[PDB]
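A short worksheet on the structure shown next.
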Amino acid sequence: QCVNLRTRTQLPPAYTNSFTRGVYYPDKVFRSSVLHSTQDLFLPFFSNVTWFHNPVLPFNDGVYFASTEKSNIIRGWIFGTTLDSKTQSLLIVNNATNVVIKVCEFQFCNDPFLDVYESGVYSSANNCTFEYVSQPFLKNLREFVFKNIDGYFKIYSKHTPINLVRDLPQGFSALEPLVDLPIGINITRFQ
Amino acid sequence: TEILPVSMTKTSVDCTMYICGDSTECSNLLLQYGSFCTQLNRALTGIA
Amino acid sequence: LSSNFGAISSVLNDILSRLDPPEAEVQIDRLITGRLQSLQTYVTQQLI
Amino acid sequence: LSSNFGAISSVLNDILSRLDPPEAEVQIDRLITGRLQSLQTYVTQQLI
Amino acid sequence: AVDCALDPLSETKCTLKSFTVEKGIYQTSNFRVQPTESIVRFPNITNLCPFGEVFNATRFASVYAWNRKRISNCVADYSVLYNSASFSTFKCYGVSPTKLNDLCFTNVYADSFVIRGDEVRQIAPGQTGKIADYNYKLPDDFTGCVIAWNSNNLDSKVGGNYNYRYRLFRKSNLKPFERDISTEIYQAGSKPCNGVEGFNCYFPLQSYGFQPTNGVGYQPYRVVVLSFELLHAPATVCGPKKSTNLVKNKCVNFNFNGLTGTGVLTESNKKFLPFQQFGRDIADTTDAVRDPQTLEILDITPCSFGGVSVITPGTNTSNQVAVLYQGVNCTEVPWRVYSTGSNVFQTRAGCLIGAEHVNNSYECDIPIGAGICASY
Amino acid sequence: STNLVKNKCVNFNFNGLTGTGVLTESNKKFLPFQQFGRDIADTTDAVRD
Amino acid sequence: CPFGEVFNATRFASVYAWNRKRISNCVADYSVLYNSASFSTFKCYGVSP
Amino acid sequence: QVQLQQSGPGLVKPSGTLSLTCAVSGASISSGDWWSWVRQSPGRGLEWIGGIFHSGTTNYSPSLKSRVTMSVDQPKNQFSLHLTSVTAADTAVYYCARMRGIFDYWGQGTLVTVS
Amino acid sequence: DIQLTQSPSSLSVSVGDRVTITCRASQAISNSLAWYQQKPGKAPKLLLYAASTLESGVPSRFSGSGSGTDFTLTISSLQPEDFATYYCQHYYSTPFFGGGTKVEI
């Protein structure tokens, strides 16, 4: 039932200045009114960040995603190393009731999607391992920080109602941990 | 009437006797600390 | 001079005469750096 | 820097190039604490 | 937050661990000229020396009469030696087997013998045993390597291979690296033997139970040791590393015959005598070297560097910086956004980035070094 | 796990972090992810159960 | 963990067509199954019961 | 190894005799080896009795010099013990073992339990 | 003749600690002593001999020291199946095995 569309989804790759993002705390340890130094994985200050308007993008060390979402256009996410059944593969869907995070060995289509008129993104479902459930995300900004330090996958969360026109705003926001995962995976592609 | 020290007893330290007690095995192990007691004795002769 | 500084005895001859010289060397070194750091402490306090 | 401090060599560049860092590190540590205690001694007399 | 790897205003924040840096000069870090065009130099001589025939030799000598050899003027490829699993034991104590491929020595010594499979641990620094104390003694600084591999099918005979002999009793110990041939009687009591027969008088010749049916932990393992030296002669026994071309008066990194260092090489008016192999000046820093092939004198100073300092007048007053590099003529710097720009100034204490000299005179505030000082 | 005791100095192992001292009522407001605290100079001073 | 749904399941398969179930990421209090007499043989080989 | 194999029957009556044998595998008798025996009496522990040389020379302990004579078989590759008048105090595990002062290699031993 | 006065004999010490076996002689046996390990119901097995030279197969936790009328056999870490009788035997004269220390659990 899955066929690939013909025209390529060649998003325009613009460049602008970031001015802020990547400002957060590392773990779940409180401090009070003190300045603490850390070596961590960061988008450096005042850097050159790319504008996107579904091809595979490179791994990086750490990917920062933001979406200036309006009424939930972006729907799902595909992550993995080989993205097949020989090794575990990550799938993220913010469906109507929850957010679902799985690290499981699906057999995906070339363009797996919700099949609007959820789980039709796999051709086969064998030996699937991890499941995670949390609250629904939903003129909004949804922020992810993908980090992998010392065999630990840290995924922070932040939700913001956003209204700016083009670039990343002049403001500050920390991102709080929702899930920590002690999983050793060498993810190479995502979607 | 007030009382105030002005010196101390002038003391010097044999490095290798105090740290070995006249032992060839001790001193041989002690030499691999390099210029180790020349500066102590220089400081103490400087103290002296 | 009558403290081990983490070694097993305060007389060097017993270190030689109790156990085998190969591994006694580190204990000799341990007593040496104990007595040396004490001496350097003593040199330092004397300098102060 | 021309004292072995109980290591196997007195230049650190040899230590990196001669063994693996899981075993080089203790030799570097003796060199580090050897140079550091000497540096602190040098700093202490220089502080004096 | 603050990026501590970005601009010099932000790096001053990161060291002082505050967001409000007061006006002045702070120490940020040290800088160095990174080396490029890596140079590596060996002598001309490039023939192989057969360590293989010594490694793969069928008959060895005894444990208390080990055969000793000196090898010079070759290149030895430790890579083909390293990956091989034919040796049951391959352990290097004072060195790592993977890093032998870079360093070049001379006067390598190898002693070989045959021992039981359980005693292959006995050949090691700081080890006591029968042959560790009565047949071959090892120093505490015994840098090198050792090799053992099983030879039960060959060095064991069905009649009992008693040709591998060792001494059982002796009056005293043996010094490391000495060989004894005198097969003499042992006095085990108060009667002087004079080498004939009888009690408290034993023959040190005694045998092993070598048989081909015997399994692991008692099989005849052939054991070869590898001993090296450090810096006594112009090095001849090299490793599998090739050479390149040498460049002068640019900060490079160099491997001169196993001597690794960094710096700027130039032409030296000093006078090496022909017996000299290299140079040093004070406290084991190689100050001049004659190269191993063209045999011409160069001299080494490690390439010029210092600390980096930031002149920032306070994060409330402004955000623009100046950067001091401590004690470099500011031509051998290869921050490429700043280094190419409006003005770059050079001090007797190094060089200044982002600042222009003025003819003025002021009761100055932020000191630079060498009598010059900087300000916003 | 056993019951915790206050205002008598005991050994405590709050969620795997082990420390000694006396426990008092505190007025500070932790954020919903910060489990335990540390005030200054890298020393524990406040813990939440 | 639903070990009750494993130990008190309504139907088990045959031995040569054995049911495979994956159990992960929960808490199992083994005291209630230890004190239960519903198991005829309970022989532990990995660690003691 | 110098394996020393003891062989034969073991149960004997009181006031009987033991004729024990120690077969040698893995060592030349024509050497400096003193082919000896060690018994284990309760109270005395192990006790050195004596050994033989391949030419015939012998050296014993004075507690068991008067009763022990031993002989050698070089091509048969063994060495033996002869105990005359085995007493109840000889209730001991007798170990044949190769000796050059020390006893580096042993036989496993036969306890004499008279019954 | 030189007689052997043992000291360890029997002892009940726990696991992994130090075991002393002191063998004292009448005269000087300075180089002449051996040190065996005999499990009850088995054969003795030589641990050390010939001024602290260890037998092939014996670990290096056993050490020997002493000369003359003061000798020792030391176990750095006791085991349950180390229940054995550990004899000293000199070879300065007509030999004699010591009393043997039956090291007990």
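A note on labels: chains of the structure tokens are A, B, ... as shown, every chain counts residues from 1, and ligands are counted from 1 in their shown order.
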Contacts of residue 186 (chain A) at 10 Å (only C-alpha atoms; same-chain gap of 6+ positions) as a ChimeraX atom specification | /A:59,80-82,148
Going by DSSP on the backbone, which bits of chain A are strand (DSSP E)? Write them as a ChimeraX atom specification, please.
-> /A:14-17,48-51,64-69,76-80,89-93,99-104,106-108,122-125,130-134,140-149,152-161,176-181,189-190
Once the least-squares fit of chain C onto chain D is done over all Cα atoms matched in order, how many Å of RMSD are left?
->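 Between chain D and chain C, the C-alpha RMSD is 1.0 Å.
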Can you pull out every residue within 12 Å of region 36-46 of chain G, counting only C-alpha atoms, but drop anything in the same chain fewer than 6 positions away, and send it as number ranges by chain?
-> G: 4, 7-8, 30
Write to file, as a PDB file, in the first residue's frame, the residues of the selection just made, with N, CA and C atoms.
ATOM      1  N   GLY G   4       1.670 -12.814  37.506  1.00  0.00           N
ATOM      2  CA  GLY G   4       0.475 -13.575  37.807  1.00  0.00           C
ATOM      3  C   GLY G   4      -0.184 -14.024  36.520  1.00  0.00           C
ATOM      4  N   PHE G   7       2.070 -16.971  35.590  1.00  0.00           N
ATOM      5  CA  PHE G   7       1.972 -18.131  36.463  1.00  0.00           C
ATOM      6  C   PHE G   7       0.548 -18.650  36.614  1.00  0.00           C
ATOM      7  N   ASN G   8      -0.456 -17.800  36.424  1.00  0.00           N
ATOM      8  CA  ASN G   8      -1.865 -18.175  36.496  1.00  0.00           C
ATOM      9  C   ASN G   8      -2.583 -17.853  35.188  1.00  0.00           C
ATOM     10  N   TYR G  30       8.926 -10.789  44.288  1.00  0.00           N
ATOM     11  CA  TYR G  30       8.947 -12.243  44.290  1.00  0.00           C
ATOM     12  C   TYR G  30       8.522 -12.859  45.618  1.00  0.00           C
TER      13      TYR G  30
END
Which of chain G fall in helix (DSSP H, G or I), as an NGL selection string = :G and (4-7 or 31-35)
Kindly export the residues of the current selection with N, CA and C atoms, as an mmCIF file, in the first residue's frame.
data_model
loop_
_atom_site.group_PDB
_atom_site.id
_atom_site.type_symbol
_atom_site.label_atom_id
_atom_site.label_comp_id
_atom_site.auth_asym_id
_atom_site.auth_seq_id
_atom_site.Cartn_x
_atom_site.Cartn_y
_atom_site.Cartn_z
ATOM 1 N N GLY G 4 1.670 -12.814 37.506
ATOM 2 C CA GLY G 4 0.475 -13.575 37.807
ATOM 3 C C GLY G 4 -0.184 -14.024 36.520
ATOM 4 N N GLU G 5 -0.130 -13.173 35.491
ATOM 5 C CA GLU G 5 -0.655 -13.518 34.177
ATOM 6 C C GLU G 5 0.208 -14.558 33.479
ATOM 7 N N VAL G 6 1.434 -14.764 33.944
ATOM 8 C CA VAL G 6 2.282 -15.839 33.450
ATOM 9 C C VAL G 6 2.070 -17.105 34.264
ATOM 10 N N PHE G 7 2.070 -16.971 35.590
ATOM 11 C CA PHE G 7 1.972 -18.131 36.463
ATOM 12 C C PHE G 7 0.548 -18.650 36.614
ATOM 13 N N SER G 31 8.253 -12.048 46.643
ATOM 14 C CA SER G 31 7.796 -12.586 47.924
ATOM 15 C C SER G 31 6.402 -13.200 47.825
ATOM 16 N N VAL G 32 5.514 -12.607 47.023
ATOM 17 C CA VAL G 32 4.145 -13.114 46.947
ATOM 18 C C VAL G 32 4.085 -14.439 46.181
ATOM 19 N N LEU G 33 4.969 -14.641 45.201
ATOM 20 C CA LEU G 33 5.040 -15.929 44.521
ATOM 21 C C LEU G 33 5.846 -16.951 45.312
ATOM 22 N N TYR G 34 6.781 -16.497 46.151
ATOM 23 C CA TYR G 34 7.534 -17.424 46.990
ATOM 24 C C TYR G 34 6.647 -18.048 48.059
ATOM 25 N N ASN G 35 5.821 -17.237 48.719
ATOM 26 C CA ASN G 35 4.939 -17.726 49.769
ATOM 27 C C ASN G 35 3.688 -18.400 49.222
#
9 Å contact set for residue 171 (chain E), only C-alpha atoms, chain neighbours under 5 positions out, as number ranges by chain = E: 186-188; I: 31, 50-51
Neighbours of chain I in chain E at 12 Å, counting only C-alpha atoms, as a VMD selection string | chain E and resid 115 to 122 126 to 135 167 to 173 186 to 192 198 to 202 204 208 216 to 218
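Pairwise distance (CA of residue 33 (chain A), CA of residue 62 (chain A)) equals 28.2 Å.
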Could you list the residues in chain H lying within 10 Å of chain E, using only C-alpha atoms, and format the result as a list in words?
-> residues 1, 2, 3, 25, 26, 27, 28, 31, 32, 33, 34, 53, 57, 58, 59, 100, 101 and 102 of chain H
What would the file look like if the residues just selected were written as a short mmCIF file (atom, residue, chain, number, x, y, z; two decimals), in the first residue's frame with N, CA, C and O atoms?
data_model
loop_
_atom_site.label_atom_id
_atom_site.label_comp_id
_atom_site.auth_asym_id
_atom_site.auth_seq_id
_atom_site.Cartn_x
_atom_site.Cartn_y
_atom_site.Cartn_z
N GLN H 1 57.05 -35.02 34.10
CA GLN H 1 56.97 -35.66 35.40
C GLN H 1 57.75 -36.96 35.51
O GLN H 1 57.92 -37.69 34.54
N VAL H 2 58.22 -37.21 36.72
CA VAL H 2 58.79 -38.50 37.10
C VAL H 2 57.65 -39.20 37.83
O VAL H 2 57.47 -39.05 39.04
N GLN H 3 56.87 -39.98 37.08
CA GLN H 3 55.75 -40.68 37.67
C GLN H 3 56.24 -42.01 38.21
O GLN H 3 56.93 -42.76 37.52
N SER H 25 58.74 -44.31 35.81
CA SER H 25 58.51 -43.84 34.44
C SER H 25 58.90 -42.38 34.31
O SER H 25 58.30 -41.51 34.94
N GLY H 26 59.93 -42.11 33.50
CA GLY H 26 60.31 -40.75 33.16
C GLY H 26 61.60 -40.22 33.74
O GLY H 26 61.82 -39.01 33.70
N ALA H 27 62.45 -41.08 34.29
CA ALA H 27 63.73 -40.64 34.83
C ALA H 27 64.75 -41.76 34.72
O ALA H 27 64.43 -42.92 35.00
N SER H 28 65.96 -41.41 34.31
CA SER H 28 67.01 -42.40 34.18
C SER H 28 67.54 -42.73 35.56
O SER H 28 67.83 -41.82 36.36
N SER H 31 71.97 -41.92 36.92
CA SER H 31 72.02 -40.48 37.15
C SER H 31 72.35 -40.28 38.62
O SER H 31 72.69 -41.23 39.33
N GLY H 32 72.25 -39.03 39.09
CA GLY H 32 72.52 -38.76 40.48
C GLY H 32 71.32 -38.86 41.40
O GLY H 32 71.34 -38.34 42.52
N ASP H 33 70.27 -39.52 40.93
CA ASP H 33 69.04 -39.62 41.70
C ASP H 33 69.18 -40.70 42.77
O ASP H 33 69.60 -41.82 42.48
N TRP H 34 68.83 -40.35 44.00
CA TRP H 34 68.73 -41.30 45.11
C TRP H 34 67.29 -41.78 45.20
O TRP H 34 66.41 -41.06 45.65
N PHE H 53 71.42 -45.61 45.22
CA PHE H 53 72.08 -45.16 44.00
C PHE H 53 72.13 -46.33 43.03
O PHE H 53 72.01 -47.49 43.42
N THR H 57 75.15 -48.06 46.14
CA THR H 57 75.40 -47.40 47.42
C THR H 57 74.13 -46.85 48.05
O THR H 57 73.19 -46.42 47.37
N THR H 58 74.10 -46.88 49.38
CA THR H 58 72.89 -46.69 50.17
C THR H 58 73.24 -45.81 51.37
O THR H 58 74.37 -45.83 51.86
N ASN H 59 72.26 -45.04 51.85
CA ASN H 59 72.37 -44.28 53.09
C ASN H 59 71.01 -44.27 53.78
O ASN H 59 70.02 -43.87 53.17
N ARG H 100 66.97 -36.15 45.35
CA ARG H 100 68.32 -35.59 45.43
C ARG H 100 68.25 -34.61 46.58
O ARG H 100 68.06 -33.41 46.39
N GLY H 101 68.36 -35.14 47.80
CA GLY H 101 68.12 -34.38 49.01
C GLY H 101 66.65 -34.10 49.20
O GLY H 101 65.99 -34.67 50.07
N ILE H 102 66.12 -33.22 48.35
CA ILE H 102 64.70 -32.92 48.22
C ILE H 102 64.02 -34.10 47.54
O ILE H 102 64.68 -34.96 46.96
#
Quick one: residues within 6 Å of region 104-110 of chain A, only C-alpha atoms counted, chain neighbours fewer than 4 positions away excluded, as a list in words?
-> residues 84, 85, 87, 88, 89, 121, 122, 123, 124, 125, 128 and 129 of chain A
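Residues in contact with region 13-24 of chain D at up to 7 Å, not including ones fewer than 6 positions away on its chain and judged by only C-alpha atoms, are residues 95, 96, 99 and 260 of chain E.
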What would the file look like if the residues just selected were written as a PDB file, in the first residue's frame with N, CA, C and O atoms?
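For reference, selection_3.pdb as written:
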ATOM      1  N   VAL E  95      57.445  -2.097  27.599  1.00  0.00           N
ATOM      2  CA  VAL E  95      56.998  -1.447  26.380  1.00  0.00           C
ATOM      3  C   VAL E  95      55.640  -2.027  26.008  1.00  0.00           C
ATOM      4  O   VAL E  95      55.179  -3.008  26.590  1.00  0.00           O
ATOM      5  N   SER E  96      54.994  -1.389  25.033  1.00  0.00           N
ATOM      6  CA  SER E  96      53.740  -1.877  24.483  1.00  0.00           C
ATOM      7  C   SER E  96      54.015  -2.463  23.113  1.00  0.00           C
ATOM      8  O   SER E  96      54.721  -1.827  22.322  1.00  0.00           O
ATOM      9  N   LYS E  99      53.378  -0.152  19.920  1.00  0.00           N
ATOM     10  CA  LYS E  99      54.096   1.094  19.683  1.00  0.00           C
ATOM     11  C   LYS E  99      55.572   0.899  19.367  1.00  0.00           C
ATOM     12  O   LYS E  99      56.296   1.889  19.214  1.00  0.00           O
ATOM     13  N   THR E 260      61.384  11.747  19.664  1.00  0.00           N
ATOM     14  CA  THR E 260      60.238  12.530  19.227  1.00  0.00           C
ATOM     15  C   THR E 260      60.288  13.895  19.890  1.00  0.00           C
ATOM     16  O   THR E 260      60.492  13.995  21.102  1.00  0.00           O
TER      17      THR E 260
END
Find the residues around region 17-25 of chain G up to 10 Å (only C-alpha atoms counted), leave out those fewer than 5 positions away in its own chain, and share them as a PyMOL selection string.
-> (chain A and resi 127-132) or (chain G and resi 1-3+6+12)
Please dump the current selection as a CSV table (one decimal), in the first residue's frame; keep N, CA, C and O atoms.
chain,number,residue,atom,x,y,z
A,127,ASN,N,10.6,-9.2,16.8
A,127,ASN,CA,11.6,-9.1,17.9
A,127,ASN,C,11.7,-7.7,18.4
A,127,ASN,O,12.9,-7.2,18.6
A,128,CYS,N,10.6,-7.0,18.7
A,128,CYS,CA,10.7,-5.6,19.1
A,128,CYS,C,10.9,-5.5,20.6
A,128,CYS,O,10.2,-6.2,21.4
A,129,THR,N,11.7,-4.5,21.1
A,129,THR,CA,12.3,-4.5,22.4
A,129,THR,C,11.8,-3.4,23.3
A,129,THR,O,11.4,-3.8,24.5
A,130,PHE,N,11.8,-2.2,23.0
A,130,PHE,CA,11.6,-1.1,23.9
A,130,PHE,C,10.3,-0.3,23.6
A,130,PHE,O,9.9,-0.2,22.4
A,131,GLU,N,9.6,0.1,24.6
A,131,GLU,CA,8.4,0.9,24.5
A,131,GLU,C,8.4,2.0,25.6
A,131,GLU,O,8.9,1.8,26.7
A,132,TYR,N,7.9,3.2,25.3
A,132,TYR,CA,7.9,4.3,26.2
A,132,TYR,C,6.6,5.1,25.8
A,132,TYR,O,6.3,5.3,24.7
G,1,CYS,N,5.2,-6.1,37.7
G,1,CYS,CA,5.2,-7.0,36.6
G,1,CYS,C,4.1,-8.0,36.6
G,1,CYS,O,3.7,-8.5,37.7
G,2,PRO,N,3.4,-8.3,35.5
G,2,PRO,CA,2.4,-9.3,35.5
G,2,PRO,C,2.9,-10.7,35.5
G,2,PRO,O,2.7,-11.4,34.5
G,3,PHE,N,3.5,-11.1,36.5
G,3,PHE,CA,3.9,-12.5,36.6
G,3,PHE,C,2.7,-13.4,37.0
G,3,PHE,O,2.8,-14.6,36.9
G,6,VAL,N,1.4,-14.8,33.9
G,6,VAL,CA,2.3,-15.8,33.5
G,6,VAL,C,2.1,-17.1,34.3
G,6,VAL,O,1.9,-18.2,33.7
G,12,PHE,N,-1.9,-22.6,28.6
G,12,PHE,CA,-0.5,-22.8,28.1
G,12,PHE,C,-0.5,-23.7,26.9
G,12,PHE,O,-1.4,-24.4,26.6
Find the residues of chain D that sit at most 10 Å from chain C; for each, write down the nearest two atoms and how far apart they are in Å, to one decimal. Count only C-alpha atoms. Sort by chain, then by number going up, and give it as a tab-separated table.
residue	atom	partner	partner_atom	distance
D:6	CA	C:29	CA	9.2
D:37	CA	C:37	CA	9.4
D:41	CA	C:40	CA	8.4
D:44	CA	C:44	CA	8.0
D:45	CA	C:44	CA	8.1
D:48	CA	C:47	CA	7.7
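The space between CA of residue 190 (chain A) and CA of residue 15 (chain A) spans 21.4 Å.
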Write out as JSON lines a residue-level contact list of chain E versus chain D with cut-off 10 Å: for each qualifying residue the closest pair of atoms and the distance in Å to one decimal, counting only C-alpha atoms, rows sorted by chain and residue number upward.
{"residue": "E:92", "atom": "CA", "partner": "D:19", "partner_atom": "CA", "distance": 9.4}
{"residue": "E:93", "atom": "CA", "partner": "D:19", "partner_atom": "CA", "distance": 9.1}
{"residue": "E:94", "atom": "CA", "partner": "D:19", "partner_atom": "CA", "distance": 7.6}
{"residue": "E:95", "atom": "CA", "partner": "D:19", "partner_atom": "CA", "distance": 5.0}
{"residue": "E:96", "atom": "CA", "partner": "D:19", "partner_atom": "CA", "distance": 4.4}
{"residue": "E:97", "atom": "CA", "partner": "D:19", "partner_atom": "CA", "distance": 8.0}
{"residue": "E:98", "atom": "CA", "partner": "D:19", "partner_atom": "CA", "distance": 8.1}
{"residue": "E:99", "atom": "CA", "partner": "D:18", "partner_atom": "CA", "distance": 6.0}
{"residue": "E:100", "atom": "CA", "partner": "D:18", "partner_atom": "CA", "distance": 7.1}
{"residue": "E:101", "atom": "CA", "partner": "D:18", "partner_atom": "CA", "distance": 9.9}
{"residue": "E:102", "atom": "CA", "partner": "D:17", "partner_atom": "CA", "distance": 7.8}
{"residue": "E:103", "atom": "CA", "partner": "D:17", "partner_atom": "CA", "distance": 7.7}
{"residue": "E:141", "atom": "CA", "partner": "D:8", "partner_atom": "CA", "distance": 7.0}
{"residue": "E:142", "atom": "CA", "partner": "D:8", "partner_atom": "CA", "distance": 9.5}
{"residue": "E:143", "atom": "CA", "partner": "D:8", "partner_atom": "CA", "distance": 8.3}
{"residue": "E:230", "atom": "CA", "partner": "D:9", "partner_atom": "CA", "distance": 9.2}
{"residue": "E:258", "atom": "CA", "partner": "D:14", "partner_atom": "CA", "distance": 8.8}
{"residue": "E:259", "atom": "CA", "partner": "D:14", "partner_atom": "CA", "distance": 7.9}
{"residue": "E:260", "atom": "CA", "partner": "D:13", "partner_atom": "CA", "distance": 6.7}
{"residue": "E:261", "atom": "CA", "partner": "D:13", "partner_atom": "CA", "distance": 7.6}
{"residue": "E:282", "atom": "CA", "partner": "D:2", "partner_atom": "CA", "distance": 9.8}
{"residue": "E:283", "atom": "CA", "partner": "D:2", "partner_atom": "CA", "distance": 6.0}
{"residue": "E:284", "atom": "CA", "partner": "D:2", "partner_atom": "CA", "distance": 6.5}
{"residue": "E:285", "atom": "CA", "partner": "D:11", "partner_atom": "CA", "distance": 9.2}
Enumerate, in order of chain and increasing residue number, the residues of chain A with an atom no farther than 12 Å from chain E, each with its shortest atom pair and distance in Å to one decimal, counting only C-alpha atoms, as a tab-separated table.
residue	atom	partner	partner_atom	distance
A:19	CA	E:3	CA	11.3
A:20	CA	E:1	CA	8.9
A:21	CA	E:1	CA	9.8
A:22	CA	E:1	CA	8.6
A:23	CA	E:1	CA	5.8
A:24	CA	E:1	CA	7.7
A:25	CA	E:1	CA	9.6
A:33	CA	E:18	CA	11.7
A:34	CA	E:18	CA	9.2
A:35	CA	E:17	CA	6.4
A:36	CA	E:17	CA	7.3
A:37	CA	E:17	CA	7.2
A:38	CA	E:4	CA	9.7
A:39	CA	E:4	CA	9.2
A:40	CA	E:3	CA	10.6
A:41	CA	E:3	CA	10.9
A:42	CA	E:3	CA	8.5
A:43	CA	E:3	CA	8.9
A:44	CA	E:3	CA	6.1
A:45	CA	E:3	CA	5.8
A:46	CA	E:6	CA	8.6
A:47	CA	E:6	CA	9.3
A:171	CA	E:1	CA	11.7
A:172	CA	E:1	CA	9.0
A:173	CA	E:1	CA	10.2
A:174	CA	E:1	CA	9.7
Residues of chain H that have any atom at most 9 Å from an atom of chain I: could you tabulate them with the shortest-distance atom pair and the distance in Å to one decimal, using only C-alpha atoms, ordered by chain and increasing number, as a tab-separated table?
residue	atom	partner	partner_atom	distance
H:38	CA	I:97	CA	8.9
H:43	CA	I:99	CA	7.9
H:44	CA	I:99	CA	6.3
H:45	CA	I:99	CA	5.4
H:46	CA	I:97	CA	5.8
H:47	CA	I:97	CA	5.2
H:48	CA	I:96	CA	5.2
H:49	CA	I:96	CA	8.3
H:50	CA	I:95	CA	8.4
H:59	CA	I:94	CA	7.5
H:60	CA	I:94	CA	7.1
H:61	CA	I:94	CA	6.4
H:62	CA	I:94	CA	8.9
H:93	CA	I:41	CA	8.5
H:95	CA	I:43	CA	7.3
H:100	CA	I:91	CA	9.0
H:101	CA	I:91	CA	5.3
H:102	CA	I:34	CA	5.8
H:103	CA	I:46	CA	6.9
H:104	CA	I:46	CA	5.9
H:105	CA	I:45	CA	7.5
H:106	CA	I:43	CA	6.7
H:107	CA	I:43	CA	6.6
H:108	CA	I:43	CA	4.7
H:109	CA	I:43	CA	6.4
H:111	CA	I:41	CA	8.8
Using only C-alpha atoms, find each residue in region 17-112 of chain A having at least one atom no more than 9 Å away from region 25-47 of chain F; report its shortest atom-to-atom pair and that distance in Å (one decimal), rows by chain then rising number, as a tab-separated table.
residue	atom	partner	partner_atom	distance
A:27	CA	F:34	CA	8.5
A:28	CA	F:34	CA	4.9
A:29	CA	F:34	CA	5.4
A:30	CA	F:37	CA	4.3
A:31	CA	F:38	CA	5.2
A:32	CA	F:39	CA	5.4
A:33	CA	F:39	CA	8.1
A:34	CA	F:40	CA	6.9
